[PDB]
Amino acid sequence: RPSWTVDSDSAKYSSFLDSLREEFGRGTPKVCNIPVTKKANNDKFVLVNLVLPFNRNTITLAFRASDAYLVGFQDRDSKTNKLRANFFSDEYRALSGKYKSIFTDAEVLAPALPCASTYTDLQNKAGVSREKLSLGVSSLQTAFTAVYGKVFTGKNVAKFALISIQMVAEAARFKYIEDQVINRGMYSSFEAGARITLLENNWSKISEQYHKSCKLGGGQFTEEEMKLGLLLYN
(Lines of atoms letter the chains of each structure in order from A and count residues from 1; the text may use other names and numbers.)
(Lines give C-alpha, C1' and ligand atoms only; values in the text may rest on other atoms or scores of the structure.)
Protein backbone atom coordinates (compact mmCIF):
# COMPACT_ATOMS: atom_id res chain seq x y z
CA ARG A 1 0.00 0.00 0.00
CA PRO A 2 1.38 3.43 -0.94
CA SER A 3 2.61 5.10 2.25
CA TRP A 4 4.23 8.42 3.09
CA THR A 5 5.63 9.52 6.43
CA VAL A 6 4.80 13.23 6.21
CA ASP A 7 8.32 14.65 6.46
CA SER A 8 10.80 16.88 4.59
CA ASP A 9 12.42 14.05 2.58
CA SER A 10 11.54 14.85 -1.05
CA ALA A 11 12.95 11.55 -2.33
CA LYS A 12 10.45 9.58 -0.23
CA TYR A 13 7.67 11.92 -1.35
CA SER A 14 8.47 11.35 -5.04
CA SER A 15 8.75 7.57 -4.62
CA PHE A 16 5.41 7.60 -2.80
CA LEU A 17 3.78 9.42 -5.73
CA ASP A 18 5.19 6.97 -8.27
CA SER A 19 3.83 4.08 -6.19
CA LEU A 20 0.42 5.75 -6.07
CA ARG A 21 0.41 6.49 -9.81
CA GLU A 22 1.16 2.85 -10.61
CA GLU A 23 -1.73 1.66 -8.44
CA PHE A 24 -4.22 3.83 -10.35
CA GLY A 25 -2.95 2.42 -13.64
CA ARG A 26 -2.41 -1.27 -12.87
CA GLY A 27 -4.09 -3.72 -15.22
CA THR A 28 -3.46 -2.19 -18.64
CA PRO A 29 -0.54 -0.76 -20.69
CA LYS A 30 0.83 2.74 -20.21
CA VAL A 31 0.62 5.57 -22.76
CA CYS A 32 3.78 7.57 -23.50
CA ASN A 33 5.10 5.65 -20.47
CA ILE A 34 2.46 7.19 -18.20
CA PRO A 35 -0.06 5.11 -16.20
CA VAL A 36 -3.73 5.49 -17.16
CA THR A 37 -6.85 5.14 -15.00
CA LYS A 38 -9.64 2.73 -15.92
CA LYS A 39 -13.16 4.07 -16.48
CA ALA A 40 -14.70 0.89 -15.04
CA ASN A 41 -12.83 1.32 -11.74
CA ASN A 42 -15.50 3.65 -10.34
CA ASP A 43 -16.29 0.99 -7.71
CA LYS A 44 -12.64 0.26 -6.89
CA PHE A 45 -10.40 2.25 -4.57
CA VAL A 46 -6.74 2.95 -3.91
CA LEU A 47 -5.72 3.27 -0.26
CA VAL A 48 -2.98 5.64 0.88
CA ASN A 49 -1.33 5.76 4.31
CA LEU A 50 -0.18 9.10 5.74
CA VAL A 51 1.99 8.70 8.86
CA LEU A 52 3.25 11.34 11.31
CA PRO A 53 6.94 10.96 12.16
CA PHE A 54 6.41 12.22 15.73
CA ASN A 55 4.00 9.65 17.16
CA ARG A 56 3.56 7.28 14.22
CA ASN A 57 -0.19 7.99 14.17
CA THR A 58 -1.69 6.87 10.85
CA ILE A 59 -4.61 8.03 8.70
CA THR A 60 -5.57 5.98 5.63
CA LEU A 61 -7.04 7.87 2.66
CA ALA A 62 -9.36 6.20 0.13
CA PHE A 63 -9.40 7.34 -3.52
CA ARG A 64 -11.85 6.21 -6.21
CA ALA A 65 -9.59 4.44 -8.74
CA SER A 66 -11.26 5.67 -11.93
CA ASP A 67 -10.60 9.36 -11.28
CA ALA A 68 -8.37 9.62 -8.17
CA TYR A 69 -11.22 11.24 -6.20
CA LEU A 70 -11.02 11.27 -2.36
CA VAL A 71 -14.07 9.65 -0.74
CA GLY A 72 -13.04 9.46 2.92
CA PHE A 73 -10.46 8.25 5.45
CA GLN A 74 -9.80 5.85 8.33
CA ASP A 75 -8.38 6.71 11.78
CA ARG A 76 -8.83 5.40 15.36
CA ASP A 77 -11.75 5.86 17.77
CA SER A 78 -10.57 7.33 21.10
CA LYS A 79 -13.05 5.42 23.28
CA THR A 80 -12.52 1.92 21.89
CA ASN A 81 -9.21 2.41 20.07
CA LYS A 82 -10.69 0.65 17.03
CA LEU A 83 -9.99 1.54 13.40
CA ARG A 84 -13.02 3.49 12.11
CA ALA A 85 -14.09 4.19 8.51
CA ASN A 86 -15.23 7.77 7.81
CA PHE A 87 -16.97 8.70 4.53
CA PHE A 88 -17.79 12.16 3.20
CA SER A 89 -21.49 13.01 3.55
CA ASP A 90 -22.11 12.67 -0.20
CA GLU A 91 -20.34 9.31 -0.47
CA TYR A 92 -21.73 7.75 2.73
CA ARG A 93 -24.98 6.34 1.35
CA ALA A 94 -23.21 4.61 -1.55
CA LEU A 95 -20.16 3.29 0.30
CA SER A 96 -21.07 2.81 3.99
CA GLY A 97 -22.47 -0.66 3.39
CA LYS A 98 -19.22 -1.82 1.79
CA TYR A 99 -16.88 -0.03 4.21
CA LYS A 100 -15.00 -3.28 4.85
CA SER A 101 -14.43 -3.85 1.13
CA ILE A 102 -12.92 -0.38 0.83
CA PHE A 103 -11.07 -0.02 4.14
CA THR A 104 -9.61 -3.52 4.43
CA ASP A 105 -8.66 -3.14 8.10
CA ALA A 106 -11.65 -1.15 9.39
CA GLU A 107 -13.17 -2.45 12.64
CA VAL A 108 -16.18 -0.13 12.75
CA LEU A 109 -18.19 2.18 10.50
CA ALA A 110 -18.28 5.69 12.00
CA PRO A 111 -21.02 8.26 11.35
CA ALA A 112 -20.86 10.29 8.13
CA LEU A 113 -18.28 13.09 8.12
CA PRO A 114 -19.43 16.71 8.73
CA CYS A 115 -18.74 17.70 5.11
CA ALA A 116 -18.95 16.60 1.46
CA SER A 117 -16.24 15.48 -0.99
CA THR A 118 -16.66 18.27 -3.56
CA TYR A 119 -14.20 21.12 -4.01
CA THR A 120 -17.11 23.51 -3.51
CA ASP A 121 -18.20 22.16 -0.11
CA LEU A 122 -14.65 21.49 1.08
CA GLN A 123 -13.73 25.14 0.56
CA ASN A 124 -16.98 26.31 2.18
CA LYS A 125 -16.34 24.21 5.30
CA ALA A 126 -12.63 25.04 5.52
CA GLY A 127 -13.30 28.73 4.99
CA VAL A 128 -10.41 29.03 2.52
CA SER A 129 -9.93 28.65 -1.25
CA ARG A 130 -7.85 26.10 -3.18
CA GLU A 131 -5.77 29.05 -4.37
CA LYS A 132 -4.67 30.36 -0.98
CA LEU A 133 -4.76 27.26 1.23
CA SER A 134 -1.36 26.86 2.92
CA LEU A 135 0.32 23.70 1.57
CA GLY A 136 3.40 21.80 2.70
CA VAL A 137 4.73 19.25 5.19
CA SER A 138 4.18 21.37 8.32
CA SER A 139 0.72 22.43 7.13
CA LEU A 140 -0.31 18.81 6.58
CA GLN A 141 1.09 17.68 9.94
CA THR A 142 -0.92 20.38 11.73
CA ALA A 143 -4.14 19.52 9.88
CA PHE A 144 -3.56 15.82 10.59
CA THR A 145 -3.22 16.48 14.34
CA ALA A 146 -6.52 18.37 14.47
CA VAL A 147 -8.29 15.32 13.02
CA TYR A 148 -6.77 12.02 14.14
CA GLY A 149 -8.70 10.41 16.99
CA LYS A 150 -10.74 13.50 17.84
CA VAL A 151 -14.24 14.91 17.52
CA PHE A 152 -14.70 15.93 13.87
CA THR A 153 -15.69 19.46 12.88
CA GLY A 154 -16.49 20.54 9.34
CA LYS A 155 -13.54 22.93 9.28
CA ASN A 156 -10.85 20.57 10.58
CA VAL A 157 -11.90 17.71 8.30
CA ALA A 158 -12.26 19.96 5.24
CA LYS A 159 -8.84 21.57 5.71
CA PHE A 160 -7.11 18.21 6.17
CA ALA A 161 -8.85 16.88 3.05
CA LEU A 162 -7.97 19.85 0.83
CA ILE A 163 -4.29 19.79 1.78
CA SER A 164 -4.20 16.03 1.17
CA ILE A 165 -5.90 16.40 -2.22
CA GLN A 166 -3.34 18.99 -3.36
CA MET A 167 -0.25 17.18 -2.08
CA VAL A 168 -1.33 13.63 -2.97
CA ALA A 169 -3.91 13.56 -5.78
CA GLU A 170 -3.08 16.68 -7.80
CA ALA A 171 0.66 16.07 -7.41
CA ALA A 172 0.15 12.51 -8.66
CA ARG A 173 -1.68 13.82 -11.73
CA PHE A 174 0.75 16.65 -12.56
CA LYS A 175 4.55 16.32 -12.54
CA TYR A 176 4.65 20.13 -12.52
CA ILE A 177 2.75 20.22 -9.22
CA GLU A 178 4.88 17.47 -7.69
CA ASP A 179 7.86 19.66 -8.57
CA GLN A 180 6.29 22.67 -6.86
CA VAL A 181 5.79 20.67 -3.65
CA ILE A 182 9.35 19.33 -3.73
CA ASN A 183 10.85 22.80 -4.18
CA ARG A 184 8.50 24.90 -2.03
CA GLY A 185 6.69 22.60 0.39
CA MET A 186 9.23 20.35 2.08
CA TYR A 187 10.66 22.84 4.60
CA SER A 188 8.17 25.66 4.10
CA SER A 189 4.59 26.38 3.09
CA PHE A 190 3.19 27.83 -0.13
CA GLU A 191 -0.08 28.66 -1.90
CA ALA A 192 -1.03 27.05 -5.23
CA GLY A 193 -2.38 30.19 -6.89
CA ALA A 194 -4.80 30.78 -9.77
CA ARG A 195 -2.74 29.40 -12.67
CA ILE A 196 -2.05 26.05 -10.98
CA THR A 197 -5.72 25.85 -10.01
CA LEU A 198 -6.72 26.28 -13.68
CA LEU A 199 -4.07 23.76 -14.73
CA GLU A 200 -5.57 21.22 -12.33
CA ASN A 201 -9.04 21.84 -13.74
CA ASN A 202 -7.74 20.89 -17.21
CA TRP A 203 -6.52 17.39 -16.30
CA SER A 204 -9.04 15.73 -18.62
CA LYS A 205 -8.40 18.00 -21.61
CA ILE A 206 -4.63 17.51 -21.39
CA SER A 207 -5.04 13.77 -20.88
CA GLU A 208 -7.12 13.58 -24.07
CA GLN A 209 -4.24 14.92 -26.14
CA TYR A 210 -1.71 12.52 -24.64
CA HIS A 211 -3.75 9.67 -26.09
CA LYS A 212 -3.14 11.19 -29.54
CA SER A 213 0.51 12.28 -29.20
CA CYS A 214 3.39 12.10 -26.74
CA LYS A 215 4.67 15.53 -27.78
CA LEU A 216 1.89 18.09 -27.47
CA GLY A 217 3.60 21.44 -27.88
CA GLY A 218 2.74 24.63 -26.03
CA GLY A 219 -0.83 25.87 -25.95
CA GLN A 220 -2.93 27.34 -23.16
CA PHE A 221 -0.30 25.77 -20.91
CA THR A 222 3.40 25.09 -21.45
CA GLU A 223 4.80 21.68 -22.34
CA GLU A 224 6.20 21.40 -18.80
CA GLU A 225 2.92 22.34 -17.13
CA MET A 226 1.22 19.65 -19.22
CA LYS A 227 3.68 16.88 -18.29
CA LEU A 228 1.27 14.40 -16.68
CA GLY A 229 2.19 11.74 -14.13
CA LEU A 230 -1.16 9.96 -14.47
CA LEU A 231 -3.56 9.97 -17.42
CA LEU A 232 -7.33 9.81 -17.28
CA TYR A 233 -9.01 7.14 -19.41
CA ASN A 234 -10.06 8.33 -22.88
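Residue numbers here begin at 1 and follow the sequence given.
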Study note, to complete from the structure: Mean Cα B-factor check, 164-172 vs 35-43, entry values; winner is 35-43
**Study point:** 133-141 or 78-86, whichever carries the higher mean Cα B-factor
**Key:** 78-86
Point to revise | Candidate set 201, 55, 180, 207 [ranked by C-alpha B-factor, highest] | key: 55
Revision key, fill the gap. Note to self: of 95, 146, 128, 113, the C-alpha temperature factor tops out at 128
Point to revise | Chain thirds of CA B-factor: placement of residue 17 | key: lowest
Practice item. Report the third (lowest, middle or highest) to which the CA temperature factor of residue 196 belongs, ranking only the modelled residues of the same chain. Key: middle
Check your understanding: By the record's CA B-factor, is residue 108 among the lowest, middle or highest third of residues in the chain?
Key -> highest
**Study point:** Chain-relative CA temperature factor third for residue 28
**Key:** highest
